[PDB]
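This is what each chain is made of:
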Amino acid sequence: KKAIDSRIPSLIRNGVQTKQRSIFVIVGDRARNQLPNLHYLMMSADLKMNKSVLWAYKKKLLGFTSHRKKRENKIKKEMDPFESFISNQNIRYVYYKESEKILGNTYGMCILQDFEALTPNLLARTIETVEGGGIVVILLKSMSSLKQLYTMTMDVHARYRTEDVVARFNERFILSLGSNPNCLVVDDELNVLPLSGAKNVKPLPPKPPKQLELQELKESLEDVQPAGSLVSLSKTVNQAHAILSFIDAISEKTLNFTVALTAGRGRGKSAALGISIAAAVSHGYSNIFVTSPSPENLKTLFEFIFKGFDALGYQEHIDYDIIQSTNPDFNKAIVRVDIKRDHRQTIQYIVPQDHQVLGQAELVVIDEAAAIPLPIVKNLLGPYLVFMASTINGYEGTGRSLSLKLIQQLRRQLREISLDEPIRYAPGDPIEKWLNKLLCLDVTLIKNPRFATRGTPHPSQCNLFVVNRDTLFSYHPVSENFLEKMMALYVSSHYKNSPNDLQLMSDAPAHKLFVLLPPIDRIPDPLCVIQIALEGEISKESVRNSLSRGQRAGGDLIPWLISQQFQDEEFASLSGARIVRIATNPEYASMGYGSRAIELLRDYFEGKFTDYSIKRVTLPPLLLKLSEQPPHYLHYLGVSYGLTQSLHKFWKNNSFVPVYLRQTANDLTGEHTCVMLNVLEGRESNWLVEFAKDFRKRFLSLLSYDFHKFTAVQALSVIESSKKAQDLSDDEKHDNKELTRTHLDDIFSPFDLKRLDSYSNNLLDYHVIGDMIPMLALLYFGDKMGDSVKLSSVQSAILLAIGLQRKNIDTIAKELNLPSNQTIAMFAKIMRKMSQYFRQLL
Amino acid sequence: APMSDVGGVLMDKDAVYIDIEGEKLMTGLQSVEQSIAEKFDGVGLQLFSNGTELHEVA
RNA sequence: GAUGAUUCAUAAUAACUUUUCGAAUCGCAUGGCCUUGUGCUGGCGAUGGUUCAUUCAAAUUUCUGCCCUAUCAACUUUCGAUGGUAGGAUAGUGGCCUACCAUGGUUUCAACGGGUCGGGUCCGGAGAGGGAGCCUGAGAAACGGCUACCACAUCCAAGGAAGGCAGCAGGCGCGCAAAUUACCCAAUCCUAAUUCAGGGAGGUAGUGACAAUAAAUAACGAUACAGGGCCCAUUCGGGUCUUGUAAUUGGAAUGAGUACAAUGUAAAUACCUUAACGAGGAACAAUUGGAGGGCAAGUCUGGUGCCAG
RNA sequence: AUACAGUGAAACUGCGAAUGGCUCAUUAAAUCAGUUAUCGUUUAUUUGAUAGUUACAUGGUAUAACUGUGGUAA
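What counts as what
- Residues numbered from 1 in each chain as written, not as in the entry; some residues may be left out.
- Chains lettered and ligands numbered in written order.
- Part of a larger assembly, values for the part shown.
- Heavy atoms only, no water.
- Residues with missing side-chain atoms left out of burial classes, pairs and counts.
- UniProt positions renumbered as here; feature names shortened; annotations may be inferred.
- Helix = DSSP H or I, 4+ residues; strand = E, 2+ residues; numbered from the N terminus.
- Rg over C-alpha atoms; globule rule 2.2 N^0.38 Å.
- Contact = heavy atoms within 4.5 Å.
- Nonpolar A, V, L, I, M, F, W, Y, C, P; charged D, E, K, R; others polar.
- Pairing = 2+ DSSP bridges.
- Axes fitted to C-alpha atoms, helices over the stretch in contact; angles between N-to-C directions.
- Parallel < 35°, antiparallel > 145°, perpendicular 65-115°, else oblique.
- Left-handed = near helix turned anticlockwise from the far one by under 90°.

Chain B carries the name Ribosome biogenesis protein BMS1 in the PDB entry, which gives Saccharomyces cerevisiae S288C as its organism. For this structure, the PDB header gives the title as "SSU processome maturation and disassembly, State D".

The PDB entry lists chain A under the name RNA cytidine acetyltransferase, from Saccharomyces cerevisiae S288C. Of the comments in the UniProt record for chain A, the one headed Subcellular location reads "Nucleus, Nucleolus". In its Sequence similarities section, the UniProt record describing chain A reads: "Belongs to the RNA cytidine acetyltransferase family. NAT10 subfamily."

Counting its regular elements, chain A contains 32 helices and 24 strands. If one aligns the C-alpha atoms of chain A with their principal axes, the spans along those axes are about 110 × 80 × 70 Å.

Attention shifts here to the overall build of chain B. Scanning chain B from N- to C-terminus turns up two helices and four strands. Reading chain B from its N terminus to its C terminus gives the helix and strand order β-β-α-α-β-β. Its C-alpha atoms give chain B a radius of gyration of 23 Å, clearly above 10 Å, the size a compact globule of 58 residues would have. For chain B, the spread of C-alpha atoms along the principal axes amounts to about 65 × 35 × 15 Å.

Residue and element names in this part refer to chain A. As recorded in UniProt, the feature "binding site: acetyl-CoA" lies at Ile582, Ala583, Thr584, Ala589, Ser590, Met591, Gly592, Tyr593, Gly594, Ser595 and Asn653. Take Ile582: it is sitting in strand β20 (residues 576–584). Secondary-structure assignment places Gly592 in the loop between β20 and α23 (593–605).

A word on the UniProt feature "binding site: ATP" in chain A. All names here are of chain A. In the numbering adopted here, UniProt assigns the feature "binding site: ATP" to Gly266, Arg267, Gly268, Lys269, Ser270, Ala271, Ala272, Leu273, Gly274, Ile275 and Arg424. Here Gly266 is to be found in the loop between β9 (257–263) and α11 (269–283). Tracing the chain through its elements places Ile275 in helix α11.

Our focus in this paragraph is the interface of chain A and chain B. Each partner contributes to the interface: chain A provides 11 residues, whereas chain B provides 13 residues. A per-class count over the side of chain A that touches chain B returns nine nonpolar, no polar and two charged. Pairing between strand β1 (residues 2–3) of chain A and strand β2 (residues 15–18) of chain B: two bridges, direction antiparallel. Bridge pairing in β2 of chain B places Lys2 of chain A opposite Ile18 of chain B.

Turning our eyes to something else, we now look at the sheet that holds strand β14 (residues 363–366) of chain A. All names here are of chain A. If you walk across this open sheet you meet the eight strands as β11-β12-β13-β10-β14-β15-β9-β16, and the pairing is mixed. Across the chains shown, the open sheet's two edge strands, defined by having one partner strand only, are β11 (320–324) and β16 (413–419). Looking at each pair of strands side by side, their axes are set apart by 15° on average, direction ignored. Examined bridge by bridge, strand β10 (residues 287–291) and β14 share four bridges and lie parallel to one another. Bridging across to β14, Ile288 finds its partner in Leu363.

Residue and element names in this part refer to chain A. One open sheet holds the eight strands; their spatial order is β21-β17-β18-β19-β20-β22-β24-β23, and the pairing between them is mixed. Taken across any chain shown, the strands that pair with only one partner, and hence form the sheet edges, are β21 (623–625) and β23 (657–661). Looking at each pair of strands side by side, their axes are set apart by 35° on average, direction ignored.

This paragraph deals with the packing of helix α29 (residues 772–781) of chain A against helix α30 (residues 793–805) of chain A. Residues and elements named next belong to chain A. Running from N to C, α29 and α30 cross one another at 120°; their axes reach a closest spacing of 7 Å. Here α29 is positioned oblique relative to α30, judged by the angle of their axes. When the axes of α29 and α30 are compared, the crossing they make is left-handed. Each of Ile773, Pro774 and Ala777 in α29 lies in contact with α30, whose residues at this interface are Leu799, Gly803 and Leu804. For the contact of α29 with α30, the per-class residue count stands at five nonpolar, one polar and no charged.

Quick look at the packing of α11 of chain A against helix α12 (residues 299–311) of chain A now. Residue and element names in this part refer to chain A. Where α11 meets α12, the axes come as close as 7 Å, and the angle between the chain directions of the two elements is 50°. As judged from the angle between their axes, α11 and α12 are oblique. When you trace α11 past α12, the crossing you get is right-handed. Contact residues: α11 offers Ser270, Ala271, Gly274, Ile275 and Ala278, while α12 offers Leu301, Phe304, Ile305, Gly308 and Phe309. Among the residues making up the contact of α11 with α12, the classes are represented as seven nonpolar, three polar and no charged.

Let us look at the environment of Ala510 of chain A. All names here are of chain A. Among the structural elements, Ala510 can be located in the loop between α19 (501–507) and β18 (511–517). Sequence separation of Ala510 and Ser418 is 92 residues, and the distance between their C-alpha atoms is 39 Å. Look past the residues within four positions of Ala510 in its chain and what remains in contact with it is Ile532, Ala533 and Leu534.

Our next topic: unusual backbone geometry. All names here are of chain A. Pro226 follows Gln225 through a cis peptide bond whose omega is 0°. Mapped onto the elements of the fold, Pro226 is located in the loop between α8 (209–220) and α9 (227–233). Even without being a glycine, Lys253 presents a positive backbone phi close to 65°. Backbone geometry places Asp783, a non-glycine residue, at a positive phi of 65°. Topologically, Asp783 is positioned in the loop between α29 and α30.

Time to look at the environment of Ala712 of chain A. Secondary-structure assignment places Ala712 of chain A in helix α26 (residues 712–728). If near-sequence neighbours (up to four positions away) are discounted, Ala712 of chain A is found in contact with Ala797 and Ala801 of chain A.

Side chains on a regular strand alternate between the two faces of the sheet. Residue and element names in this part refer to chain A. Note that β18 and strand β19 (residues 528–535) share six bridges and pair antiparallel. Of the residues in β19, the one forming a bridge with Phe514 is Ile530. For β19 and β20, the ladder comprises eight bridges, and the chain directions are antiparallel. Paired with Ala533 across the strands is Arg578, a residue of β20.

Let's shift gears to the environment of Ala777 of chain A. All names here are of chain A. In this structure, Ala777 sits in helix α29. When the C-alpha atoms of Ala777 and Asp746 are compared, they prove to be 16 Å apart, with 31 residues separating the residues in sequence. When sequence neighbours within four positions are dropped, the list of residues in contact with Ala777 reads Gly782, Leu799, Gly803 and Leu804.

Right, here's the structure in full:
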């Protein structure tokens, strides 16, 4: 009989008493045999804890099958404790890929079988399901995984490295665990390994303020119906306050008022909204609208509305009636609730697109506003009471500063509400905080006063510097503070950001990090951060190595995409680089920092400026300068972005040329993806020109198919950007050909020409040139008309839109803010020029 | 059975009393005295290749 | 040729067949010849195969066969009844079923209806989620299998998966009570590519005042000390003589038991036999029932002391 | 034992599993007891009889067991 180290029982008991979760890392082949004992220490600690256990594994379980019937048969062909546990307890087994299924359920435990396959999303997705007083176990059984730990302890600098993935995320995890006060690293013999941060854990004395502040609130409002019944349902002080604020908005009755509710996942927003919706019902609000990307997501909200209805004394089938959808796609989701108490009141679901119906709306509730395109939500912001809920780091969600970007747009009276306390466990649980440091999820951009005192640096003075990934991710205090700052700049600028990208920027070799630092004269504060990935022949060697492993790693989108559209073998060979992300601080937006950085970036790989690996079984400088490291030989620079006028304006000014536009708008943004290229000086450029003309011909025909939503001015821009590509080519080899008389004859009959002249003479009516406009737009924007015919931007937009995007003329009047009659007038002026042009040819 | 020993674990009063290359690595790691954070404190990081070693963030 | 009796047996002719069958098999031995080639010719079995008969059976089928009955006189014909013809099917006869035709069939000698497991441990008869349809086999409408269905119910990662014995024992049915979920195929039989494999067929053992048979729990002396003991009789009384011990004491006999064993048995228990130990309170301490006494500084109750209950 | 020769897991073939055991709800010539026929039938097996009408040996038109790669919670 062996006595367990007093640290293990003390920490578990401390967590249960404080309702704080803890981490254990077990190293050893027999580690599984320790898992049974550890749980029993819980159930001894508290019997009220949830018994369900989450088991996550990659492909295989460790030496057992989860099929009972087999397990008896395997036994057939006395037990150890281990199988006793797998028998009696409720264990839910999970493939790492299918982490989405687990997002809702609660578990006393999560067991992470395979450390090497750990990912940020999977790690974030598992732990938050653990309840207060719960425990997280990570099983470090792999011999190599043991090797790294030993190297880490002997020295914090030298990194063990096996024979392309650097896997850097796995060790920063290790060092971060050592920082955690509630993490213990242990062997299969229950010996507390001193690498843990939980070294001086002492048993707390035997036995929360938030419940006191929540309890007291409930009695004080008990007499105040309908508030008392509704506030009773609240689980946290913030949740009650949010409900009270919603009631205040409901009482104010101001139809220019917007309420913004921001919280992390699991903080009970839908309960607050569902309760608030019930409050408006009892208050007397008649027409209720609710909108979400899909009605299926609103099931929780509708459920919590009915619980509020139960709290308010409303009864099903007498006071209110529930209507569910008949469409199989929404799976019988609730669409409408009709309420008959004291007058006809209606709660109905609407698709976000159908904003026209909201003219009669007295309130709309926008759930998960992060998931709806920005154009749609602004249309949804009508003259009525608005409740908006947006998730931060929940589901896909959106970047933090996008939530802010909505706020500065609101800067219509707006009310902001934030729910910080979780409803599942004690506030300030260490693991969530320890998560937060590692994944940098809650990093917040901070305005730097020093910039203001010395002023904003003029772009020329700013100098670009390369950043060493090894030294960044060494978990040094200085390095980390730089990580948060750059990550703060990361999450802000761009629309959407998943948690896995942190692993991507670190471990994948082709990814390189550039930052536009301010001129040197304290930890430097990034002004712009640039991350590049090398794609081309350079990546082929790594891909073949991935093929040898059997597990193809990543993808060359652009060698692939360009291959599919044009089937050019040369590009697959051509080495190049793609800017995954340009991050510039929104507050210093429009000062040209980004344009300066890409210019320096453009110069660096052109050679105008012409070992730091950590020891493999003192650290190199954090950042490296352009001269100090030789650039790779590159042929081109590429980019990914959804077509926005600001971005497309940003790119075109920086001499990139579009090559492809996706017909299918991305569902999550509603936006079409672009790939836009630029050829470096001294390297062959003709092939760019060949695609740009094709894409132009592609784009003009596809204007109406799916791009008809695009504005004509936006359309005119991208052709202009494509037209710049031929200007890059001084060569006279590839050229437009003017129309021959024979070709003109084929495209238009003589009767066609005669009627056109009538219009130039004003003798015939507009609609009778329905058909010829598109070809004419094809001919002119094909440049077939030649130097003879030219038009200004607005006229080109008008002709492009009618001919190719295919609107009626009146629609153009609104877009160009021109009254309809003049739009006809300019069009006729446009018509006369080519009616003239055809004549001289004749 | 709380008082009785179930499996191989027995608790009396507040004490739980249980039944039970890398091994060179665990015992050596078991002997580690100074913490990771204490190890970091002595180390300063050269931000710049030629710059001074910055130890603590302000 | 055969039978009491044949379109029976058997033979022949002409064709027919999605039509057969008439050893492309195995073990053991290696003889007799010669024309020395491993040339010819060969011994005993096994497993196969057509038809007939025999055996194992099955299926229909003839006549006879103890209840009260008319306060049960009509019963079938009301989806074949009685019969004939032809067809289908069956292993075949056959209203067994189909197409046409005839109007019949039982019955006051009791039809029809009503009331009340068989015969002699043996021979028979019947049945094992509900119902319907199929499956192989000589023998089944199989306690086996399959399809769809109606219910029950088990698991799941929720995507599916699968499930049906009072035979042997052991249980529930009360809140009140009863033999072991034992051992073996050694016997007698039964199935198989078979001496040898198996069989909860069976056998062996375990429990018990349901019943039935036999008998232990003592047998034999010596001494001492006293004079009453017993029978009949309502009555008074009468009649008879070796008795009593609530006394002491002696040496023999052996069973339950405990057991060296052997025997017994598939093995084992038990039975029988048999070394050593094994009795005076032979405390090695069977019961059940019935008829009477008598005793207190004791207690209760009615009275005509000292009584009566 | 230079085809193998021994026994022999597994698998393919052959035979059997309609025997035996158990309970009595039903039905008054219904089975049943005796009795008769099958010239009106089928019958594994047993037993006895019984077939003169490329070949010094054909094919996979063949695969199991077996080797090896996998999926599934099963």
